[PDB]
Each structure stands twice: as C-alpha cells, then as structure tokens.
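Student: Here it is, the structure in full.
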Amino acid sequence: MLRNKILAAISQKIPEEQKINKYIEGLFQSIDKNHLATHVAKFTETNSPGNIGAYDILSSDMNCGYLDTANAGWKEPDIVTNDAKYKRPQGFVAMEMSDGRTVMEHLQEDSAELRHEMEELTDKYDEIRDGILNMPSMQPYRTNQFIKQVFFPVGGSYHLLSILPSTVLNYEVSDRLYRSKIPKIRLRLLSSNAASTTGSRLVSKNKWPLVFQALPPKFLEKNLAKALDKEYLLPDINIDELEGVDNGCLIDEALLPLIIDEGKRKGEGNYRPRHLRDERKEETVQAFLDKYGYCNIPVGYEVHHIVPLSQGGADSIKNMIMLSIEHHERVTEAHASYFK
Amino acid sequence: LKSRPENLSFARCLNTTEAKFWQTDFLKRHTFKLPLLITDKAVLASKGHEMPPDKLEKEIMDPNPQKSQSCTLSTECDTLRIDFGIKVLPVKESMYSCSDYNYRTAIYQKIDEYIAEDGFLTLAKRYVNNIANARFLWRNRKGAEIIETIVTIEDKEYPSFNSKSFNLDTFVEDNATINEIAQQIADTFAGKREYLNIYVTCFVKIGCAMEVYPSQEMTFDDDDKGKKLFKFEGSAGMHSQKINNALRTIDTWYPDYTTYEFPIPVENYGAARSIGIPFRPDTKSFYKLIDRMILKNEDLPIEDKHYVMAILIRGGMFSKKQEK
Amino acid sequence: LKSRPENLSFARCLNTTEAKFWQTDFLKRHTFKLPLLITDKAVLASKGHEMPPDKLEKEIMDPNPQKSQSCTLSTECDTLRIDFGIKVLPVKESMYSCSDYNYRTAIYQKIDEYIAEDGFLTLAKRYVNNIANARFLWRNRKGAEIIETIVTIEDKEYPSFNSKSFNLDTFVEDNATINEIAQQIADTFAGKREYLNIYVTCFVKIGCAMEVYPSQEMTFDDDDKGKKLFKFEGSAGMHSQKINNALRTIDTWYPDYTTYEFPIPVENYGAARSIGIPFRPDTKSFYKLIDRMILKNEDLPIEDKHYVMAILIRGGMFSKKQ
Amino acid sequence: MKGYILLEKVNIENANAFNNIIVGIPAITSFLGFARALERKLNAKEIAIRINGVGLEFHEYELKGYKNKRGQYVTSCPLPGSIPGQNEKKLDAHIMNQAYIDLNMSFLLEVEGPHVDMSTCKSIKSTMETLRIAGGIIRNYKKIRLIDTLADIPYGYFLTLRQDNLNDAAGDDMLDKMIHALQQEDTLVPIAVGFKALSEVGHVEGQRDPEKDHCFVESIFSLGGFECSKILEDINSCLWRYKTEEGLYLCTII
C-alpha cells in the first residue's frame, strides 16, 4: 500500500505514473549522499559546510562512574545526508506498513511481500537494497569554525578538542524522559526548516527534545527578598546644609528629637541577624574625618549612625554624625526603649 | 598574506550588565527608592487584524481573549530610576583566537598606527555622547519632564547631565565632563589602562502613575502566546543586549548619509532593523575595507578607519569563508 | 511605492492610566476620602439555566454552589470618587516601526497636510466631550444623582463640570472650558508641545451603602471558575484599556449613520458590540481607505481623514503579508 | 608554601548552561578552564604561581526565562543579530538551541608555589577583572581572602561527585542506572565532568591553533550532589582536579 503514500508525497499535476517516476529517479541518485553517523555535526550550528561525524562503534565497560553514548540505550543509528535537497532515503525507510514495523527492517531481512511489491512497482529494487543495506560510515575529516573547540592541559602540554554532540543519545534521553517523572525542560528553540537543514533524521523527527533539569536546591533561588536584603537605607537629613552642625557636631539641644524621629520612623520592621547586617568598617569613618577636616575624633565626641545598622542602615558618609557622649547614651537608650 | 585566517575571532570591549528599575520621588531621589514589579493582565479585544474577505464575513463579530503583562508606576511615586554598569577592556588584548601569525602581526601594527594617529578619541567621545543624551530609553524617553544622568568611575562623582538638551542626530565635542570621561575611555581602549569600570544611574520624571516599558523576553510555548516582560531578581529590568545596541549607534559615515541624516548601529553590512535595508551591501562593507587594509596594503580614509575600529570594538567572528 | 511595508505599527498617542476607587461624602468632597475594598461572596443558585428536557426532570431541584466577589460602599459614605490620568504625545512621533522610507515620508506629508487644514481640533473637542459627559463610568453612571468631573492641568484647576446635562449622542463644542482644554490637546497632537499630562477626578453620588462596579478580570479555563474583580494597589479600580474605550467613542462618520444616530468606538472594521452589526465591512474600512490615501494618492472627504487620524491616534499593528 | 585562596561572592551573568542533554549548572570543565586561564594569565605576568584543585560553593541561581503555571521552565534567548556564512545579509537569522543562567558563587583555589601572601591576593584581584566564567561576565565580588581553616568558609552548599550512587543502581546500561538513582534521591543532579575520545591524535585543515594535537571528543556525564559547608567532612574532599588517561580527559575529586 506504499503506492498511494508515494502519490500523496508528490504534489504535482503530472499523472500518477509520472509522479512515481519523479519519486523514483531521485532515490537512487540520493542513495550515495546519505551516510551513517552517531555524532553528526551541524547540530550546534547548521551553518557548517560538509558532513562531519564519528559513528562510534565500540561499546563496553558498563561499570565506570560516568555515562556516554553507545554504552547506554543506542537503539537506532543516525542516517544523515549533506543537505535537505536530497533527504529522500530517510523518509523512504521511515514509513510503516500494516504489519507494524519499518521499511528499513524489511530491507534488512528481505521481506518477500515488499520484494514482490517493489518488483511490481519497478525493476531496480536490488540496487536500492545494495545501496542501503551496507551504506558507508564516514570519518570526521577536517574541521572549521561553528564547532566548539577548547584547550585541555594534557600533562605539561596542551591538546585541542573538537567537541561534537551525540544526537542518538539526545533522542534516547528524550524518549526515556518522556516515559519518566524526573523534572525536565522542553527546549523548543527550533523550527521545522532548521531541523530539516541539519540533515539528521533523528533530530528532524525529534524537533523539541527532553533535557535533564540540573539545578541547585529550590530555596537557593533569587527573589525579591534576597535582592532587598543586600540593599540598605540612609537618612534624608543632610547634615551638610543643616543649621547648627558646627563643622559636623551635634551642638544644640533643640535638634535631638528630629534625629531620634528620623532613626525611629525608618528602622521599623527591618531587624536582621548579624550575617545580614552591614559590617561597619574603619575606613569609612576615617574618610569622613579626612573629608571633614579631621584626623582623629575630637575629645568629647563619639561617632554615631543616624539609622542603626541593626535596622537596615548603611555605613557611609551620609549615615554618620558626630555627637557628644551624653547625647550618645540618650539616643542609645531611646532606641533601646523603642526596639529592645 | 593571501587571505584572512581560517579562524579569527574578537570579543566586545564594552560589556554592560542588566539594568534594574526602581521608582521614587523626584525631591527625594538621592535618599530612598522602592521596587518596581511586573503585573500580569488579561484583555478582551475584537478581531481587527487584516483578514481575507471570506473568513472576515464569518468571524468579524468575535471576541478575542488575550494575555499580557504590564508595568506601571505607583500613585505616589513619579520618578523612574535605572541603574547599570559598563566594563571597558583594551582592544588589543581582546583577539581571543587567530590561527595565523603574520595576520596577527599586521593587525597589531595597524592598531598601533591607528592609536598613534588618532588615539581612539572620536569613538570614545561618541560613546559618551550616546550615554549623555540617554538614548538607552528606547520608549520611556518619550514624554518625559526631566531626564538626569549621573556617571561615576570608581569614586569620583562627575557632574550630572541634562539629556533633554541633546539632539539625537548631532554629536557634541565641547564638554569638559564628556572630554575627561572619553579621555579615560580612550586610555583604556588604547592599552594604557588594564580595565575601566563605569556606573550609570538615570532619573526620569515620567509623571505620576504613568507606564514604564521594560524589555520583553523571547520565549516559545505551545499553549501560551502572550507578552512576557523581563524580570530581574524580582524587579523589572532591561536586557544588556538592548542597552548595548543604543550605545554603539555612532555610525554616521555610511554611504548616502546626506539623504537620511541619522546615525545607525554599527554592523558588518550596515543593516538596521528599523529601516529594513542594508546601508553597506557593497565595497563599503567591513569585509571589503579589511581586505583593502590588511591583505593589499593601502591607506584608507579616516572615516573608514573609524568604522573598522568601531566594528573591532563591537567584536564578532571575522574569519575566512569556511569550505568543506 | 505600491503596497504597505512588511513591518508597520503605530504606538498609541493617548496613554490612560488605571483608575482607583475611593469613597467619600458629598458635603465633605474636598476634605477626606476612604479606601474602597473588595469582599468575597459565595452564592447558591437554583439551576435556572436552559436545559434539555432529558436531564431537566432529574436535575432541576438541585442547588448550585458558586463563588464570586463584590464591592459596595460603606454605611456612612454616599459618594464614589475616581481618579486617573492621561498622557498625550505627538502623532508624528508615534510610528514605532516601518520597513520603508517612501512610506514614512508619504505618511509624514499626509499628517502635515491634515495639520495644515484641520489642526487636530475636532478630535480634541470630541475627546474632551467624552471626558466631560463621563462615559467612562460605564455601569456606575446608571441611577446616579450628581456627577461632577474636574480636570486639572499642571497646577491650573479648571472649572468643574455638570456631567448629567451632556447627552451621550450629541457633541457640544460651545463650552469655554472644553475648547480651552481641546486647544492644548490639539497643540500636543500637532507637535507644538512635547507632551501633555491631564488628571481627571470624578465624584458620583449614588446613595448610602449602594453597589459600585469595578472591572472584571478575564480568566481562562485553566485556573478556576468564579467572578474576580480588579484590585489596583489593594483598592478596587477600572482597567486602563476600559477607560480608553469610552474616550474612543467619537466615530460618527460611518455609513448608515442616519439610521442609528449614535457614536461608536473607533475600530478597524467598525465593530460595535452594543448593537452587534459591523459598520465598516467593506471599502469604507481602514485597510481600504488607507490604501487609496497613500498608495493611489487620491483626495478623500474630510470625514474619512478624521476617521484615519482617529485610527492612527489609537495605534495598532498595520503589517502586510508579502 | 602551599595555601588556599577564597574568592567570595562572585556574580556571573549570562553564563552558558546548555550541554548536549543538560540544562542548568554549567560543566565543571568550564570552571577548571577558568582556573587554568587565570593561572596562565599570572604566569605570563611576573607573579609565578600554580593552581591545583578548585572548590565551588553555590549561593544563588536564576535560569534565564520564566516558570510555567505547570511548574516547568521556559528558557529565553537573545535575538540573533547576525551569523557569518550563507544568508548573512538578511535581517532575520536562524535560531539554535541555547540556554543561559545567572549565578552568585564562591571559589576556593588550592594554590602552591613561592610567595603565597597578601601580594598574591592583590595580584589575583587586579588580574581577575579581564576574565570570563563559563562564557559569562563577572560583575561584582565580595573580597579575596587567604584561608587556612575550614571554619572561615562562609555559608553555602558545595558540589561534589557521587558516581557511586550511579554505579549502585539496577539496569544494564548506565542510562537506566542514572535514571533510577535520580528517582531514589532528589538531591542528585546530572553534571558534565569531561570528554572522551572518538578519534586519534592528528592534524586537520582548519582549527583554533595548528600547532597543538587535534582530537574529536564527546561529552562525559555523571552524577553529583550538594553538601552544606557547615557539615563538610574535610577541605581536601571537596576539590576538583584534572585527570588524564588514554583519551579520558576528566575532572574528579581524589
């Protein structure tokens, strides 16, 4: 029943026999271009001239502490051509009949019914079978860009690598993750035309794979709280323009309630542990004095932060005022009365 | 020297980070700030897109449920604040890969000759000019009352700018702050400095409860097809690619400039998405100039040298035509 | 030029913010306001929908549990206050993308000609009229005693409006305040200014502990079922794109206008949900009209120019498949 | 004079996160290559040191994209500007598979050699500004410190190798063992740890540098786990170091 499928594949206005002729004159001319591979290039970037692939065959040592292709799953080889102008053999062997298997399997064991159907439909089935059944497996000759190349420290010297992706392993992983429950990603960043231009039929039919989700624990993700923890607050009272500062010292009695208010109406609901507290440094205060014409703190004055560091404050020139000892313990006991 | 090396690559010397949006008040912009968040929404429109005259008669009166996202300032904060940073690296120490050696020596010689001749000052001045006029506001810029920009290098707070008083088609070379910032950038460009760090913060008085415009993500999904805006650490932000595209809009030496009179972003073929045509589809492209400079030695005009070095600062993969 | 470019889109020129609901008393209108919150409410229907007679006999007396939300005034305030704002930007500086230069120059020339003849004054008058008659109240306008609308520009508080006197079918252009505001709006539209910032505050007196009607969220068949209302900064409010639809009801130039005699919102095909028939399904649509205006380069009646400028003010995606 | 140097709270943006079949944490080879590049940069300068063994401490992470209402992750990509080769003049460009991630992590380097002191920390601080981590861009850092006591390590979860859990599962091929072991324990995650060999050492026409030895490789995957710093067993049993065999370039702990 492949004749009507072939007729449906052809989209011309020629007669059905002419459709069959147009279908068949391309297959035996595209047999040579189709090749067999395992790690076919152009998967990372389709803009790569030529067809580069390894076709790994060796398979042993299912006991080491690492996973690679051809030792796991690996139940279908890669049939990859050079481009999409002649992709006919992949779709030709990709059909299924009423029995329930693929055309390639029937070609391998030389099914009698398919043989007589081909003999009815044409007279060159033997050439097609000889072309397909032992198709050449090519070597990865030459390299270009669009292929990820890195340097590895082998001994004291260096080696140049030519990393290639295993698409059959990708397809197997996609199938197993489809029939599983592990967290996974879809990764649908591809189109039908691009997947066709790769040339590999395994990715042409598996356009959007399934990928392992290798992530740190859930409570290690950034959010608004973590970002706001690293931000700190400074008061709006500029001591530079304020009256009664006397080169940066709390000098008059009738300004302390304003400062206690500013430290009071700005540090509510911001108590944090020491590891989240902003650390006081000895260089910020020294920079403050040096900017404000001093080297050591004057006698009778102690440094003080208008917004406490324990309540989301910041250590800077803005959140820093010099003031007398009595005012210091007054503000300290007022804040202890409010907070703790 | 017969052709370009089989593997040559560069890296961008102007690396920007992700911008972050905060909302505040203009009179208290130096003291406090508040987070800006992105809110989901759903709309119900009518089918008004251009339809064929057959489907139109059947589904003209049909409703259209759609999904979207939006960002909007609060009702008591009328100022938008955007902070980001730039890292500057020397052009000479940025050629990551070069297969050949004579080509590498020739490239170094031409770069040194350009440094001795001009000093990377024109491009630095143009980049700082793009920073000052706040071109990075692709959409929000429009309809702004006051725009203020502040640039800090490591601890020196340079005086603020006024981006409203800056044409987007002309470039200014007479400004002390622009002069010193561009001089430091050119020093880092040439090789006199190992690296440079810049921090930029812009305040916009867009109005009270107005709408801000974060960057939009590029995602694919079978079910959802709505608009998704860029969320950066839980707050709205802008992509680093979008900011970098505004900064490298300095190209005024393309052919037929007198017919258009606007700068375009620098690219290999002079292509710009806004116009839809390549301005350098010919012998004025980067490849032809670099072939007329390195392969066949010839003193190109100063404008083409400016364009070539501007391409080099942008970075890319300028290798030979790969063959099977 | 022969056809529209493959990429063409206009950003909107009238950016309306989102309304916020407050409640107050009419005598203390300029003294205080209180928040207006939304309350959950579950309901028990008696299966009143139309059903086939097969299962009707067995499933008629069953109850029906659903959930919903509601928003009513308090027992001490009888006035509802709505605050929102508008930003006005020039029409010429609104073409977001255009993959052609000849089309851009042609559109700029046409806009310059329209500014030369009309000056964007009629549309400005109609928009301020739609602001004044409080068409944006929607279901809150029904059964109201006093509706008072105030428009504030910068620091100039314009004289108040009596919104009930205006009729929702005819446009008044003789008011001094309406013309004064429309002058600034037309100046901003043409390009004499850079931007305009209007602020609208509306007081509606509906009664004590009556019901107000905020916008309703659109929910797809994914999360749940039930009525959900829009909450803007906690308090109830209206969607920004719902207020814009009311201010867009200016189109009185469609064919068969004498048969119906009411404005409709400006749409591409002239669709009107309030009546269910399309008013521009043919050569009078925007797509047909803009082709004769730009490509064929022919003169049009000033009504079609008004409609085209109204479409351009709203904005859209006027792309073209190759 | 051996010692340990800790780089605290390094932020990396737009780091590469897409291996062949892994999305998320970048391969360990990227971190080891970053350490090797740092060592090469110093050795090209006057300060001569050597780095053997790197320990990674995760603090924060964020995949580039968003989370679906079903809990899945959808990844976003930058708009492709231009691609060399054919069709390089058209405005729109082809889209391939890619993923990105931001992460803030601390590094522990076991550095050996002469003159290991505060001057070495200053040199590493000056020279680390011109580097990239796994294709990402460094933006900010807490500080650089010289650590000899395990108690000085800040709070965070290290990443180790747990290939025993992979080898102690049922199934003939190790894909089934890996899947089953992932089903038993939710902490375990699959990570890339090196490269195999698929060809022989030789020379080809066209490469990054035509002087070294060329060899086509594959990506090697294994399992790994996260252990807290406060419950860490010992300093030496958290490091990652190179391992070279007959075409078995790999990173391990030892």
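Residues are referred to by chain and number: the chain letter is A, B, ... according to the order shown in the structure tokens, the number counts from 1 in that chain, and ligands are numbered separately from 1 in the order shown.
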Got a sec to pull out which chain D residues are within 12 Å of chain C, counting only C-alpha atoms, and send them as JSON, numbers by chain?
Tutor: {"D": [69, 70, 91]}
Student: Put those residues in a file: N, CA and C atoms, as a PDB file, in the first residue's frame.
Tutor:
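Okay, this is what ended up in part-v8.pdb:
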```pdb
ATOM      1  N   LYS D  69       2.898  27.896  34.711  1.00  0.00           N
ATOM      2  CA  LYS D  69       1.942  27.602  35.773  1.00  0.00           C
ATOM      3  C   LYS D  69       1.904  26.119  36.111  1.00  0.00           C
ATOM      4  N   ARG D  70       2.395  25.262  35.217  1.00  0.00           N
ATOM      5  CA  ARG D  70       2.524  23.837  35.484  1.00  0.00           C
ATOM      6  C   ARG D  70       3.815  23.492  36.211  1.00  0.00           C
ATOM      7  N   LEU D  91      17.984  40.243   7.443  1.00  0.00           N
ATOM      8  CA  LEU D  91      17.793  40.799   8.780  1.00  0.00           C
ATOM      9  C   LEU D  91      17.538  39.704   9.809  1.00  0.00           C
TER      10      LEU D  91
END
```
Student: Can I get the residues of chain B within 8 Å of chain A, each with the closest pair of atoms and their distance in Å to one decimal, using only C-alpha atoms, sorted chain first then ascending number, as JSON lines?
Tutor:
```
{"residue": "B:6", "atom": "CA", "partner": "A:144", "partner_atom": "CA", "distance": 7.7}
{"residue": "B:7", "atom": "CA", "partner": "A:145", "partner_atom": "CA", "distance": 6.7}
{"residue": "B:28", "atom": "CA", "partner": "A:236", "partner_atom": "CA", "distance": 7.6}
{"residue": "B:31", "atom": "CA", "partner": "A:236", "partner_atom": "CA", "distance": 5.6}
{"residue": "B:32", "atom": "CA", "partner": "A:233", "partner_atom": "CA", "distance": 7.1}
{"residue": "B:220", "atom": "CA", "partner": "A:188", "partner_atom": "CA", "distance": 6.6}
{"residue": "B:221", "atom": "CA", "partner": "A:188", "partner_atom": "CA", "distance": 7.5}
{"residue": "B:233", "atom": "CA", "partner": "A:223", "partner_atom": "CA", "distance": 5.3}
{"residue": "B:234", "atom": "CA", "partner": "A:224", "partner_atom": "CA", "distance": 4.8}
{"residue": "B:235", "atom": "CA", "partner": "A:224", "partner_atom": "CA", "distance": 7.2}
{"residue": "B:322", "atom": "CA", "partner": "A:144", "partner_atom": "CA", "distance": 6.4}
{"residue": "B:323", "atom": "CA", "partner": "A:49", "partner_atom": "CA", "distance": 6.0}
{"residue": "B:324", "atom": "CA", "partner": "A:50", "partner_atom": "CA", "distance": 4.8}
```
Student: Would you mind telling me which residue in B:38, B:86, B:95, B:190 lies nearest to residue 112 in chain B when using only C-alpha atoms?
Tutor: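 So, comparing all the options, the nearest one is B:190.
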Student: Pull the closest atom pair for each residue of chain B that gets at most 6 Å from chain D, along with the distance in Å to one decimal, counting only C-alpha atoms, ordering rows by chain and then ascending residue number, as CSV.
Tutor:
```
residue,atom,partner,partner_atom,distance
B:7,CA,D:208,CA,5.9
B:99,CA,D:209,CA,5.2
B:218,CA,D:76,CA,5.4
B:219,CA,D:76,CA,5.1
```
Student: Based on the selection just made, write C-alpha atoms of those residues as a PDB file, in the first residue's frame.
Tutor:
```
ATOM      1  CA  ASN B   7      39.947  31.046  12.429  1.00  0.00           C
ATOM      2  CA  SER B  99      45.087  30.857  13.521  1.00  0.00           C
ATOM      3  CA  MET B 218      11.761  35.960  23.572  1.00  0.00           C
ATOM      4  CA  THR B 219      10.083  32.687  24.553  1.00  0.00           C
TER       5      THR B 219
END
```
Student: Report as JSON lines the residues of chain C within 9 Å of chain B, each with its shortest atom pair and distance in Å (one decimal), using only C-alpha atoms, ordered by chain and increasing residue number.
Tutor:
```
{"residue": "C:7", "atom": "CA", "partner": "B:276", "partner_atom": "CA", "distance": 8.8}
{"residue": "C:15", "atom": "CA", "partner": "B:210", "partner_atom": "CA", "distance": 8.2}
{"residue": "C:16", "atom": "CA", "partner": "B:210", "partner_atom": "CA", "distance": 8.1}
{"residue": "C:17", "atom": "CA", "partner": "B:210", "partner_atom": "CA", "distance": 6.1}
{"residue": "C:18", "atom": "CA", "partner": "B:209", "partner_atom": "CA", "distance": 8.0}
{"residue": "C:84", "atom": "CA", "partner": "B:209", "partner_atom": "CA", "distance": 8.5}
{"residue": "C:85", "atom": "CA", "partner": "B:209", "partner_atom": "CA", "distance": 7.8}
{"residue": "C:86", "atom": "CA", "partner": "B:210", "partner_atom": "CA", "distance": 8.4}
{"residue": "C:87", "atom": "CA", "partner": "B:143", "partner_atom": "CA", "distance": 7.9}
{"residue": "C:88", "atom": "CA", "partner": "B:143", "partner_atom": "CA", "distance": 8.0}
{"residue": "C:89", "atom": "CA", "partner": "B:143", "partner_atom": "CA", "distance": 6.6}
{"residue": "C:93", "atom": "CA", "partner": "B:142", "partner_atom": "CA", "distance": 8.8}
{"residue": "C:96", "atom": "CA", "partner": "B:274", "partner_atom": "CA", "distance": 8.6}
{"residue": "C:97", "atom": "CA", "partner": "B:274", "partner_atom": "CA", "distance": 6.0}
{"residue": "C:98", "atom": "CA", "partner": "B:275", "partner_atom": "CA", "distance": 6.5}
{"residue": "C:99", "atom": "CA", "partner": "B:276", "partner_atom": "CA", "distance": 4.6}
{"residue": "C:100", "atom": "CA", "partner": "B:275", "partner_atom": "CA", "distance": 6.1}
{"residue": "C:101", "atom": "CA", "partner": "B:275", "partner_atom": "CA", "distance": 7.2}
{"residue": "C:194", "atom": "CA", "partner": "B:143", "partner_atom": "CA", "distance": 6.6}
{"residue": "C:195", "atom": "CA", "partner": "B:143", "partner_atom": "CA", "distance": 5.3}
{"residue": "C:196", "atom": "CA", "partner": "B:143", "partner_atom": "CA", "distance": 8.0}
{"residue": "C:197", "atom": "CA", "partner": "B:207", "partner_atom": "CA", "distance": 7.8}
{"residue": "C:217", "atom": "CA", "partner": "B:42", "partner_atom": "CA", "distance": 7.0}
{"residue": "C:218", "atom": "CA", "partner": "B:42", "partner_atom": "CA", "distance": 5.7}
{"residue": "C:219", "atom": "CA", "partner": "B:42", "partner_atom": "CA", "distance": 7.6}
{"residue": "C:220", "atom": "CA", "partner": "B:65", "partner_atom": "CA", "distance": 8.3}
{"residue": "C:233", "atom": "CA", "partner": "B:74", "partner_atom": "CA", "distance": 8.0}
{"residue": "C:241", "atom": "CA", "partner": "B:43", "partner_atom": "CA", "distance": 8.1}
{"residue": "C:267", "atom": "CA", "partner": "B:48", "partner_atom": "CA", "distance": 7.2}
{"residue": "C:268", "atom": "CA", "partner": "B:48", "partner_atom": "CA", "distance": 5.6}
{"residue": "C:269", "atom": "CA", "partner": "B:48", "partner_atom": "CA", "distance": 6.4}
{"residue": "C:270", "atom": "CA", "partner": "B:48", "partner_atom": "CA", "distance": 8.9}
{"residue": "C:271", "atom": "CA", "partner": "B:61", "partner_atom": "CA", "distance": 6.9}
{"residue": "C:272", "atom": "CA", "partner": "B:61", "partner_atom": "CA", "distance": 8.4}
{"residue": "C:273", "atom": "CA", "partner": "B:61", "partner_atom": "CA", "distance": 7.9}
{"residue": "C:276", "atom": "CA", "partner": "B:61", "partner_atom": "CA", "distance": 7.1}
{"residue": "C:277", "atom": "CA", "partner": "B:61", "partner_atom": "CA", "distance": 7.6}
{"residue": "C:278", "atom": "CA", "partner": "B:61", "partner_atom": "CA", "distance": 7.4}
{"residue": "C:281", "atom": "CA", "partner": "B:57", "partner_atom": "CA", "distance": 8.0}
{"residue": "C:287", "atom": "CA", "partner": "B:50", "partner_atom": "CA", "distance": 7.5}
{"residue": "C:317", "atom": "CA", "partner": "B:49", "partner_atom": "CA", "distance": 7.8}
{"residue": "C:318", "atom": "CA", "partner": "B:49", "partner_atom": "CA", "distance": 7.8}
{"residue": "C:319", "atom": "CA", "partner": "B:50", "partner_atom": "CA", "distance": 8.5}
{"residue": "C:320", "atom": "CA", "partner": "B:50", "partner_atom": "CA", "distance": 8.2}
```
Student: Using only C-alpha atoms, determine which residues lie at most 7 Å from residue 195 in chain D, disregarding the query and same-chain residues fewer than 3 positions distant; provide the list as a PyMOL selection string.
Tutor: chain D and resi 217-220+248-250
Student: Counting only C-alpha atoms, what is within 8 Å of residue 31 in chain A, bar same-chain residues fewer than 3 positions away, as a ChimeraX atom specification?
Tutor: /A:27-28,34,89,128,131-132
Student: At a cut-off of 8 Å, using only C-alpha atoms, what residues contact range 160-173 of chain D? Leave out same-chain residues fewer than 2 positions from it and give the result as a list in words.
Tutor: residues 62, 63, 64, 65, 66, 71, 72 and 73 of chain A; 158, 175, 176, 177, 178, 180, 181, 188, 222, 223, 224, 225, 226, 227, 238, 239, 252 and 253 of chain D
Student: Tell me, as an NGL selection string, which residues lie within 10 Å of residue 308 in chain C, counting only C-alpha atoms; anything in the same chain fewer than 4 positions away does not count.
Tutor: :C and (266 or 268 or 285-287 or 289-290 or 293 or 302-304 or 312-313)
Student: Please provide the set of residues having any atom within 12 Å of residue 292 in chain B, restricted to only C-alpha atoms, with same-chain residues fewer than 5 positions apart removed, written as JSON, numbers by chain.
Tutor: {"B": [2, 3, 4, 283, 284, 285, 286, 287, 297, 298, 299, 300, 301, 304, 305, 308]}
Student: To one decimal place in Å, what is the distance between CA of residue 121 in chain D and CA of residue 290 in chain A?
Tutor: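 Interatomic distance here is 27.8 Å.
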Student: Run DSSP on the backbone and grab whatever in range 44-254 of chain D lands in alpha helix (DSSP H); send it over as a VMD selection string.
Tutor: chain D and resid 44 118 to 127 163 to 167 174 to 184
Student: Can you list, as a tab-separated table (two decimals) with N, CA, C and O atoms, in the first residue's frame, all residues belonging to range 94-199 of chain C that DSSP tags as strand (DSSP E or B)?
Tutor:
```tsv
chain	number	residue	atom	x	y	z
C	95	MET	N	5.17	56.43	15.03
C	95	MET	CA	5.41	55.27	14.17
C	95	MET	C	6.56	54.47	14.75
C	95	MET	O	7.72	54.86	14.65
C	96	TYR	N	6.23	53.34	15.39
C	96	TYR	CA	7.26	52.55	16.06
C	96	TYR	C	8.20	51.90	15.05
C	96	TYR	O	9.42	51.98	15.20
C	97	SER	N	7.65	51.25	14.03
C	97	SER	CA	8.46	50.55	13.05
C	97	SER	C	7.89	50.77	11.66
C	97	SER	O	6.68	50.89	11.48
C	98	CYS	N	8.79	50.83	10.68
C	98	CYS	CA	8.40	50.97	9.28
C	98	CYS	C	9.58	50.52	8.43
C	98	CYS	O	10.64	51.16	8.46
C	146	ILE	N	-25.81	63.00	41.35
C	146	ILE	CA	-24.90	64.07	40.96
C	146	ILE	C	-23.61	63.46	40.43
C	146	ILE	O	-23.02	62.59	41.08
C	147	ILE	N	-23.19	63.90	39.25
C	147	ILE	CA	-21.90	63.52	38.68
C	147	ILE	C	-21.13	64.80	38.41
C	147	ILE	O	-21.57	65.65	37.63
C	148	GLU	N	-19.97	64.94	39.06
C	148	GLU	CA	-19.15	66.14	38.93
C	148	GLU	C	-17.74	65.74	38.51
C	148	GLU	O	-17.09	64.95	39.20
C	149	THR	N	-17.27	66.29	37.40
C	149	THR	CA	-15.97	65.96	36.84
C	149	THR	C	-15.06	67.17	36.85
C	149	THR	O	-15.46	68.27	36.44
C	150	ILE	N	-13.83	66.97	37.33
C	150	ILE	CA	-12.84	68.04	37.44
C	150	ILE	C	-11.59	67.61	36.69
C	150	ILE	O	-11.10	66.49	36.86
C	151	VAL	N	-11.06	68.51	35.85
C	151	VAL	CA	-9.86	68.26	35.07
C	151	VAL	C	-8.78	69.24	35.53
C	151	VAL	O	-9.03	70.45	35.58
C	152	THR	N	-7.61	68.72	35.86
C	152	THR	CA	-6.50	69.51	36.37
C	152	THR	C	-5.30	69.36	35.45
C	152	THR	O	-4.88	68.24	35.16
C	153	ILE	N	-4.75	70.49	35.01
C	153	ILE	CA	-3.55	70.52	34.17
C	153	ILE	C	-2.46	71.23	34.95
C	153	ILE	O	-2.63	72.39	35.35
C	156	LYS	N	-3.14	74.26	37.23
C	156	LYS	CA	-4.32	75.04	36.91
C	156	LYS	C	-5.54	74.14	37.05
C	156	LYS	O	-5.74	73.22	36.26
C	157	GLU	N	-6.36	74.41	38.06
C	157	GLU	CA	-7.58	73.64	38.31
C	157	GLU	C	-8.70	74.25	37.48
C	157	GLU	O	-9.20	75.33	37.80
C	161	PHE	N	-17.41	70.47	36.08
C	161	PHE	CA	-18.39	70.10	35.07
C	161	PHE	C	-19.65	69.58	35.74
C	161	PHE	O	-19.62	69.03	36.84
C	162	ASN	N	-20.77	69.74	35.04
C	162	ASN	CA	-22.03	69.09	35.40
C	162	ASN	C	-22.27	68.02	34.35
C	162	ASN	O	-22.74	68.32	33.24
C	196	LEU	N	1.53	66.20	27.12
C	196	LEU	CA	0.53	66.80	28.00
C	196	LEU	C	0.12	65.80	29.06
C	196	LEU	O	-0.01	64.61	28.78
C	197	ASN	N	-0.08	66.28	30.28
C	197	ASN	CA	-0.43	65.44	31.42
C	197	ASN	C	-1.74	65.95	32.02
C	197	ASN	O	-1.75	66.98	32.71
C	198	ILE	N	-2.83	65.24	31.77
C	198	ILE	CA	-4.15	65.59	32.27
C	198	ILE	C	-4.48	64.67	33.44
C	198	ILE	O	-4.11	63.49	33.45
C	199	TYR	N	-5.17	65.21	34.44
C	199	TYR	CA	-5.61	64.43	35.58
C	199	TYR	C	-7.11	64.62	35.77
C	199	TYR	O	-7.59	65.76	35.81
```
Student: Interatomic distance between CA of residue 176 in chain C and CA of residue 154 in chain C?
Tutor: 18.8 Å
Student: So which one's closest to residue 20 in chain C, C:33, C:321, C:288, C:164? Using only C-alpha atoms, please.
Tutor: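 For residue 20 in chain C, the nearest of the given residues is C:33.
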Student: Using Å and a single decimal, report how far CA of residue 187 in chain C sits from CA of residue 117 in chain C.
Tutor: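 If I compute the distance from CA of residue 117 in chain C to CA of residue 187 in chain C, I get 14.0 Å.
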